[PDB]
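All Cβ positions, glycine included, derive from the backbone under ideal geometry; neighbour counts span all protein chains shown. Every number here is computed from the coordinates shown, using simple stated rules; none is lab data.
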Amino acid sequence: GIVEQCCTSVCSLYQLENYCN
Amino acid sequence: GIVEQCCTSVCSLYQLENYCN
Amino acid sequence: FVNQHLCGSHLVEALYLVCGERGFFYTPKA
Amino acid sequence: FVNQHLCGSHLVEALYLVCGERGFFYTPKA
């Protein structure tokens, strides 16, 4: 999930926007 | 929603916890 | 920190601290 | 600010800025 993708690894805008409503 | 209850008005723990997963 | 007007990043920050490992949803349009 | 390791409040803060009026969900267990 977000932690694995953005905290444990380097985040991206593409991925961040998958969590916007 | 949360803005009306916690920003436009004074928030509460009770209300805040309604937005926890 | 909770029993006040909380807007924007301040609100998001209160949700983060209260909800902890649960996480939360921030739905300002809903 | 997005293209880095973002944890905890830092992550929550990036979601807040990127998502804007949409808001977001922060699901650290999922």
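Okay, here's what the table says:
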{"quantity": "Count - residues of the stretch C:11-27 that are surrounded by fewer than 16 Cβ atoms within 10 Å (Cβ to Cβ), over 20 Å from B:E4 (Cα atoms) and either acidic (D, E) or facing chain B (nearest Cβ under 7 Å) (or both)", "calculated": "2"}
{"quantity": "Positions within chain B being of a type in the set (S, T, N, Q), over 8 Å from the mean Cα position of the chain (by Cα) and within 16 Å of C:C19 (Cβ to Cβ), in sequence order", "calculated": "B:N21"}
